[PDB]
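Asks: Whatever this is, show me its structure:
(chains A, B, C, D, E, F, G, H and I)
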Amino acid sequence: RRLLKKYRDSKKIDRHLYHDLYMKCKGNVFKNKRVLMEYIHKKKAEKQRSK
Amino acid sequence: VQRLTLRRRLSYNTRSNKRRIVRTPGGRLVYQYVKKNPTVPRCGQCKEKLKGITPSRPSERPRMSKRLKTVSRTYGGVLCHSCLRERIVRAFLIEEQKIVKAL
Amino acid sequence: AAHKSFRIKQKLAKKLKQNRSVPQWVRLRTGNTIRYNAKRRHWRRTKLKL
Amino acid sequence: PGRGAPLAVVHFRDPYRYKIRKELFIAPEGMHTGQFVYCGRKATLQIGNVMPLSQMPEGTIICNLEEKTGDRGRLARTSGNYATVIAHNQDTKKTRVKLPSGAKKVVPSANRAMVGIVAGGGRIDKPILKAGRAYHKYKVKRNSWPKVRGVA
Amino acid sequence: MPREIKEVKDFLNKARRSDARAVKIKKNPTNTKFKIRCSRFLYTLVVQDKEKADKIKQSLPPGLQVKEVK
Amino acid sequence: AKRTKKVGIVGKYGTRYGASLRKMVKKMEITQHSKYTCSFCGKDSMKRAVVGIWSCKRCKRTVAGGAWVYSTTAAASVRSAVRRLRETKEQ
RNA sequence: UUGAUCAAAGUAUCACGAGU
RNA sequence: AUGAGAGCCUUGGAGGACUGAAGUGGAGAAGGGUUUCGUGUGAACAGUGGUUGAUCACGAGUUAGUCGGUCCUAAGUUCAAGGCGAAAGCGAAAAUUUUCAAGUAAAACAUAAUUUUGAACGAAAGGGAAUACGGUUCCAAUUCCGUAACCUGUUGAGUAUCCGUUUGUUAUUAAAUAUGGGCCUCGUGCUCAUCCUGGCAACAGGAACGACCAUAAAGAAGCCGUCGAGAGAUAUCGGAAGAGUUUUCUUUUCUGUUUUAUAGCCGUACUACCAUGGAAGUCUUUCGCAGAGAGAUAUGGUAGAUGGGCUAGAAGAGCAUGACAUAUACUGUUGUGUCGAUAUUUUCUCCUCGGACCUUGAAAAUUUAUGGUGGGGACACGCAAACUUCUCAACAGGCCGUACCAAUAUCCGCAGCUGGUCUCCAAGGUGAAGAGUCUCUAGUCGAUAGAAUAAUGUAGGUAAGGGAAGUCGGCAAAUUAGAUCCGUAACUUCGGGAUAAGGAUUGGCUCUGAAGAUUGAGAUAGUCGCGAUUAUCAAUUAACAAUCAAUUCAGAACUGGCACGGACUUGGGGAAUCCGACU
RNA sequence: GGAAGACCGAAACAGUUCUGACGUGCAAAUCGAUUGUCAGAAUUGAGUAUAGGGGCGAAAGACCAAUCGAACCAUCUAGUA
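Replies: Numbers count the residues shown, from 1 in each chain, chains lettered A, B, ... in the order given. Okay, here it is:
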């Protein structure tokens, strides 16, 4: 939940990918920091691809 | 460490000996003693702390100036600004209501 | 102690001066059969209580 | 601390002096803060106003009832209890109420009572379960102890 | 000392008072502090240029007894 | 996960006091310890303060109520019944 | 409707004048 | 060295050990009552001795406006006789005792709405005005001396406070905390007025009608847990300065580096409010689910600062260290005092949010604010004022306690009695740990001493083979035990049983992998002269590139009576019956 | 996430076994290992309150100053035998 405030406040993540991604951080499914970095190199390219 | 002989002859751990550990200029680690905690008044009916004024103990309030223990408005250090804002427009409306009811 | 009355330090004043030997001269008065001080209290041996 | 039913800190104006006269009442059920209570003879029937038994109509349920007319509130004062006004009489003004034992009393018809079932009930329905909840139940009441059986 | 002053005449102001028995001065290698013993308080004026020291040194009520540490 | 099967709140009491004496106290520990929905504020924050006194945190009303529920069903008839009994008395 | 109230306003007649 | 005499305690130097921070340590409560501390010393006492002594003899010693009492009220003592009793007297939350009142600079023709209880005690741990540092004695120290503060009280002196205009000044202005206004010939004339001002708001400033009635608040608080802030400590890595060690080797191993009250100023975290604004594609945020159309997120601000950073204190304060130097006294003097960082309620304090409860967690003194009617202050050409809730100055502060022990020798237990007797501070190591073993600071080696090691003993070990045969009975002893992973039965109130059972692993050495933090990195074009100088973003981007920090977890080789929880610390387990449900 | 008169255990408080020590004691109830509890019906101080055919008692006729199937003290009293 600090990396995430680094990723809203730069701009790299929408708000709507917080109250999806806070609640999966609060909730076990993120082991390291390094996996959460790689649902932002993965769940982010799709929204750009769908756009 | 050194360890601390206290200074007063009350040896129990009451509220009237709260204490702190301070290095002196001689480098000698004494007790200073801590007074009870000053506080800021409460609202009339919010029962929450009033903005504006410094916290105090009842002994230290005689040696203060007036603006340190109240704010500026009517019902200053007594009512919160929101309750007074309620107490105005309740009091205005009911005197207003008691006219049109009485005619 | 360290926290005593005024009345208790005054009575413990008096019992500090009654705690004395006999003067060396009154053994020599004519008809003075004061052998020793008889009522010498002693701090751990007799207390006071009284 | 010791009671079973909550109490209400109502305060009125004193009519002959300039004082606000703070009053402890037995709280009837459903009494928020900042409710107006209307204690008097010409009041209307809503909980928990007080008003003498003469005004309020038969079938209503009351609490903190007066026993002798003016004595401030004796009968039916514990949590969950109430007393229904079961009948009237215009001959010599004596009203039958039914008290929480079921014994139907004949109080006179000018003594005050507060309408409504008294808040904080019914609390005797849950087990104390432990003996250190009866120790706590009674350490602010009195020393009706652990009571030993006298047969022992 | 619980007080220092900043303005220079204010330091000269308190020197000419009916209290304020004596004035102490202390040279440091960096600066030179001036201290005036008053009744309730004690006021410090600190100067650091080594040339306004003797300027503000007299500049003085003459009957004010100095304390001198060099 | 479903941490328990049956006991739920009274697992704290666990394996003591009797099965059918801890079946009953669960009734009144689910109902106490509960946010009810405030009737003056609308926001569900009304927990109990002491036995019989219920208080809502946001906008600070304190309402006297039941010992474990907030509003007993014996009272809830009477709160209606005196409303019927009043409208036949004024008129 | 979780305000507010104490300590006379008015009124009449006299004191109806004193100082002036 | 004493001394007639020394195992003591007699002492001093070496010394080997113990307590081991939950001490055999340093201080207080109750209790004691001079035991305290110097100078002496024979007998007695000190279950040995004694040159020593808590003994004996003789001299001494306890310093307060700030530490306490004293002041307040708690449970309670219940206490005007209205009453009662033959009296003495009274298991008196009196409940009635004309005013049974506590009362007010208050008018007439018993000041007026008013108060029912009088009256007092009751806490050296609750409530409560305020002080701390450097020094000093053979003995006292927040009490003396030094220096810097403060509180209570009384008193004194400065301090919103002089207007338009025009006295200064042509006017602009200037004393003046502000003027205006018509008139008028402008006005010189007339007239009018100060119980301060700012900010939209939260609120802000040097003060700015308490004399009452009234309301609110503080005083005014338990328990358990708790994100975060700082203190204190301990701890590495750096400077310095001096010690330690040199079989041999060790940029080593160590000590030291400090800043009290009181203030001034910056001050930001944290919580809550204020303004603009209007939220679904719901967003905010915590370890924890807390919020939001009853105004969220945002942007700016206000409040509180308990938190520190500066700077006064701070004389290189003083202190501490380390050089000197001086037959030497009260000595003169040099030089230092500096960086970063990591850690825990090994501990206080502040703040935040919680939790349990048929438990819901003191009263009064004292204080403060605001609201109120009436009354006072109240001219503007000013003179001023200001129980002024501002600043400064004088003066004063009485009574009583203050030594010492606090216990294997000052207390109680008839005693120098292994018992008992309330608290506070709290180091390093290994470790989960204020455990157990070892140690540092302080503290002791005082328990009558020497010789010798028979029997029986009290206490502790080991024992072939067998393993309960012993015995009333496995009493006593023995076994097991920490940790990680596997795994787990009958029965059940479904919660447990359960650590059921039953197994495997563990040292040392050298490696590898995983877990984070601050900086981002910053392409690209040209200037000046590689230096110096000037910025956008696609992507980047996992220990991106640097820099820094943490100690946990997973592996892997090599390795030795294969002895590895190598001491310590530390459940044997299972099948039943009978009783009590359980704590 | 952190509930519970839940668990093992330190301080403390208690006192199971050894029928260990001791038993003209260290002690008119202690010493030693072994055990019981340990966040609560918890353990403690200080001030209070209850007084003897009375009190207090989670009850043993326990405790009420080494005294308890009735405290202690003085007297009646040189009771009677």
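Asks: now the strands for chain F?
Replies: In chain F, the strands defined using DSSP state E lie at F:46-50, F:53-56, F:61-64.
Asks: Save the ones you listed as TSV, and put in mean neighbour count and distance to residue F:38 too.
Replies: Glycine gets a C-beta too; all of them are placed from N, C-alpha and C. Formatted as TSV, the strands of chain F follow (neighbours: other C-beta atoms under 10 Å in any protein chain shown; distance: least, C-beta to C-beta, whole Å):
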stretch	mean neighbour count	distance to residue F:38
strand F:46-50	17	5
strand F:53-56	22	4
strand F:61-64	22	7
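Asks: Which one of those lies nearest to RNA strand I?
Replies: strand F:46-50 (15.9 Å; C-beta to the nearest atom of the strand).
Asks: Quick check: nearest residue in space to residue E:68, chain neighbours excluded?
Replies: residue E:25 (6.5 Å; C-beta to C-beta, 6 or more residues apart in numbering or on different chains).
Asks: need the contact list for that neighbour.
Replies: E:32-35, E:53, E:57, E:66-69 (C-beta atoms under 8 Å, 6 or more residues apart in numbering or on different chains).
Asks: ok, back up a step: who wins for proximity to chain B among the strands of chain F?
Replies: Of all these, strand F:61-64 sits nearest to chain B, with 11.2 Å by C-beta to the nearest C-beta.
Asks: Run through who's touching that closest one.
Replies: The contact list for strand F:61-64 (C-beta under 8 Å, 6+ apart) reads D:6, D:8, D:27-34, D:119-120, F:38-41, F:46, F:49, F:52-56, F:70.
Asks: check whether it contacts RNA strand H.
Replies: No. Using C-beta under 7 Å from any atom of the strand, we find that strand F:61-64 stays clear of RNA strand H, coming within 9.0 Å at best.
Asks: And that strand, how far out from the chain middle?
Replies: Relative to its parent chain, strand F:61-64 has a centroid offset of 13 Å by C-alpha atoms, centre = their mean, to the nearest Å.
Asks: in what helix or strand does the residue nearest to residue E:68 lie?
Replies: Residue E:25 is located in strand E:22-27, with elements delineated by DSSP states H and E.
Asks: could you give the angle of the next helix-or-strand element following that strand to strand E:22-27?
Replies: Going down the chain from strand E:22-27, the next helix or strand is strand E:32-37, by DSSP H and E. Using axes from the mean of the first three to the mean of the last three C-alpha atoms, to 10 degrees, the inter-axis angle of strand E:32-37 relative to strand E:22-27 is 160 degrees.
Asks: In chain B, what residue lies closest to RNA strand I?
Replies: For chain B, C-beta to the nearest atom of the strand, closest residue to RNA strand I: residue B:12, 8.1 Å.
Asks: Filter the contacts of strand F:61-64 down to the buried ones, PyMOL style.
Replies: This is how PyMOL selects the buried members of the contacts of strand F:61-64, with burial counted by 16 or more other C-beta atoms under 10 Å in any protein chain shown:
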select buried, (chain D and resi 6+8+27+28+29+30+31+32+119+120) or (chain F and resi 38+46+52+53+54+55+56+70)
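Asks: Please list which of the contacts of strand F:61-64 also come close to RNA strand G.
Replies: The residues of the contacts of strand F:61-64 that also fall near RNA strand G, by C-beta under 7 Å from any atom of the strand, are D:33-34.
Asks: one step back: how close does the residue nearest to residue E:68 get to residue E:64?
Replies: Separation of residue E:25 from residue E:64 (C-beta to C-beta, to the nearest Å) stands at 12 Å.
Asks: Likewise for residue D:152?
Replies: Residue D:152 is 94 Å from residue E:64, by C-beta to C-beta.
Asks: Tell me which residue lies farthest from the centre of chain C.
Replies: The C-alpha centroid of chain C is most remote from residue C:30, which lies 24.5 Å away (C-alpha atoms, centre = their mean).
Asks: What distance do you get for that residue to RNA strand G?
Replies: Distance, residue C:30 to RNA strand G, by C-beta to the nearest atom of the strand, to the nearest Å: 92 Å.
Asks: What residues are bridge-paired with the residue nearest to residue E:68?
Replies: Here residue E:25 sits in beta bridges with residue E:34, residue E:68, going by DSSP bridges.
Asks: Next: residue F:61.
Replies: residue F:56.
Asks: roughly how far apart are it and residue B:9?
Replies: Residue F:61 is 51 Å from residue B:9, by C-beta to C-beta.
Asks: quick revisit: neighbour count: residue D:152 and residue E:64, which is higher?
Replies: residue E:64 (14 against 4; other C-beta atoms under 10 Å in any protein chain shown).
Asks: Run through the residues that contact that one.
Replies: Applying C-beta under 8 Å, 6+ apart, we find residue E:64 in contact with E:15, E:20, E:22-23.
Asks: Then residue D:110?
Replies: D:52-54, D:69, D:93.
Asks: Show me the helices in chain E, by range?
Replies: Under the criterion DSSP state H, helices of chain E are mapped to E:8-15, E:53-57.
Asks: ok, the most centrally placed residue in chain B - contacts?
Replies: Central residue of chain B (C-alpha atoms, centre = their mean): residue B:40, 2.1 Å from the mean position. For residue B:40, the contact set (C-beta under 8 Å, 6+ apart) comprises B:49-50, B:53-56.
Asks: Can you add distance to residue A:4, secondary structure and neighbour count and give these back as TSV?
Replies: Below are the contacts of residue B:40 laid out as TSV (distance: C-beta to C-beta, whole Å; DSSP: H, G, I helix; E, B strand; the rest coil; neighbours: other C-beta atoms under 10 Å in any protein chain shown):
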residue	distance to residue A:4	secondary structure	neighbour count
B:49	34	strand	14
B:50	38	coil	19
B:53	40	coil	17
B:54	39	coil	13
B:55	38	coil	11
B:56	43	strand	17
